[PDB]
Amino acid sequence: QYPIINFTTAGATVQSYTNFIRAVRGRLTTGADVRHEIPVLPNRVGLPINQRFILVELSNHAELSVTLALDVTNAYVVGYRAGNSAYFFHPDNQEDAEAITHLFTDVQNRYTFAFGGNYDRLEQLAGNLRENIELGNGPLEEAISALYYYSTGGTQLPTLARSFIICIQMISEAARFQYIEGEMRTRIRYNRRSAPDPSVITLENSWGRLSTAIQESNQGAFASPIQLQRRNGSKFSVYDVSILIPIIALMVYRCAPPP
């Protein structure tokens, strides 16, 4: 039985959301590997299956619940349970395929989607880009109802897909980036929904390369700058880990730390 973190969108506040994201980060990171002050997720090679996943149970105002499964090695949502069913994104390799058989083993109906959980795929299934999909407490409340009603046949795949896109950003991307967590906190604080601005999208698209650049840096200095975007869409270059310390909360393992 993997660790479970609970969050309800009903009556959510900045504080309850922050506590939630902080608990998710705390279960993702064994805290073993920090580099330039940024924790790195556990290396997949050698991590025991019994420690591979965490469970995120989400409940809403309609009193419905779904439970997402996150891979601790990269904070990826690999599937979810609703009622007496579990559903998984198509696995990226036999290793991962094997790992997931350990999830939601007590459910009656397990389906593995033929599609993976990548954004491009979800955006196609949803018929919309991330920049056109609103994020916030309302959208997350509705996403939970949509995931739940899929198990009963009342949710179409476009809606299911748009609902994954909302969950993945408000949970996994916010766990990865304090900056995205901050954008979601602001939405909650003013009870507003709005699509993510370019700064959020470009960070999301740059997690792996930021992770590598930091882990391969020379004393924190990048050999090659990485271009990110401001909230207004203009570009700016990152040359050093220092300005990312307040931005990125977790990195994926890309290389062993040097002696």
Side-chain angles (χ1 to χ4, degrees), residues 3 5 7 13-44 47 54 56 70-77 119 130-131 135-136 167-190 194 196-259:
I5 312 306
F7 178 66
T13 55
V14 166
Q15 195 72 71
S16 68
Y17 177 74
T18 297
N19 285 347
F20 164 61
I21 296 301
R22 159 136 71 260
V24 167
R25 289 184 187 140
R27 289 299 186 166
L28 283 174
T29 66
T30 51
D33 183 11
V34 176
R35 321 203 201 160
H36 301 286
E37 320 195 21
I38 302 164
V40 179
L41 295 173
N43 184 0
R44 169 209 172 92
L47 180 71
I54 60 177
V56 171
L70 282 59
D71 189 322
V72 307
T73 67
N74 62 348
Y76 198 92
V77 175
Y119 282 139
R130 273 170 285 160
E131 28 274 275
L135 299 176
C167 294
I168 295 160
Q169 293 177 275
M170 303 193 63
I171 301 160
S172 305
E173 307 287 21
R176 297 175 172 119
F177 295 97
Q178 298 102 142
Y179 178 89
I180 298 179
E181 177 190 1
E183 290 246 356
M184 295 310 104
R185 281 166 41 107
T186 298
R187 285 160 169 79
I188 293 167
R189 185 171 282 117
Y190 304 110
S194 61
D197 65 52
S199 71
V200 172
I201 297 290
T202 291
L203 277 181
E204 295 173 352
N205 295 339
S206 300
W207 187 58
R209 72 183 44 105
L210 289 163
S211 290
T212 312
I214 288 158
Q215 292 168 39
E216 305 275 335
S217 67
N218 202 347
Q219 298 165 10
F222 294 177
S224 300
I226 288 161
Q227 275 52 257
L228 298 179
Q229 275 182 292
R230 309 186 170 108
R231 282 176 295 267
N232 82 321
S234 59
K235 285 167 172 173
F236 75 94
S237 318
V238 179
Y239 299 92
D240 196 280
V241 65
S242 61
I243 61 170
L244 301 168
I245 294 159
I247 298 194
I248 309 183
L250 303 176
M251 289 182 285
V252 57
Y253 186 100
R254 287 293 196 245
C255 67

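Numbering of residues begins at 1 and proceeds along the displayed sequence. Heavy atoms only: backbone and side chains are in, while hydrogens, waters and symmetry mates are out.
- A donor-acceptor contact shorter than 3.5 Å links the side chain of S172 to the backbone of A75.
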Inset, instruction - Run the numbers on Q227 and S237 for side-chain hydrogen bond (donor to acceptor under 3.5 Å, both in side chains), then give the verdict. - result: CA-CA 4 Å; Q227 275 52 257; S237 318; 2.9 Å; yes
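- No donor-acceptor distance shorter than 3.5 angstrom exists from the side chain of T212 to the backbone of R254, with no hydrogens or angles considered.
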Inset, instruction - Give the intermediate values and the outcome of side chain to side chain contact (heavy atoms under 4.5 Å, CB included) for residues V200 and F177. - result: CA-CA 9 Å; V200 172; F177 295 97; over 6 Å; no
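- Around CZ of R231, the count of heavy atoms belonging to other residues, nucleotides or ligands within 6.0 Å does not exceed 12.
- No side-chain donor-acceptor contact under 3.5 Å links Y17 to the backbone of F20.
- Residues passing the side-chain contact (heavy atoms from CB on, under 4.5 Å) test with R189 are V14, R185, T186, sequence neighbours excluded.
- Using a cutoff of 4.0 Å between basic side-chain nitrogens and carboxylate oxygens, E173 and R130 are not scored as salt-bridged.
- Using a 4.5 Å cut-off on side-chain heavy atoms (C-beta onward), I54 and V72 make contact.
- Under the 3.5 Å distance criterion, the side-chain polar atoms of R27 are left unmatched by any main-chain donor or acceptor of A23.
- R176 places a side-chain N or O within 3.5 Å of a backbone atom of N74 that can act as its donor or acceptor partner.
- Side-chain N or O atoms of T13 include one that pairs as donor or acceptor with a backbone N or O of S16 at under 3.5 Å.
- Although no hydrogens or angles enter the test, the distance criterion places no donor-acceptor pair under 3.5 Å between the side chain of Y119 and the main chain of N205.
- A distance-only check finds a donor-acceptor pair linking the side chain of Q178 to the backbone of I248 [under 3.5 Å].
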Inset, instruction - Begin with the C-alpha distance, continue with both residues' side-chain angles, and end with the deciding distance and a verdict on side chain to side chain contact (heavy atoms under 4.5 Å, CB included) for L70 and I171. - result: CA-CA 10 Å; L70 282 59; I171 301 160; 4.2 Å; yes
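- Between the side chain of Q229 and the backbone N or O of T202 there is no donor-acceptor pair closer than 3.5 Å.
- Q215 contributes a side-chain N or O that, together with a main-chain N or O of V252, makes up a donor-acceptor pair within less than 3.5 Å.
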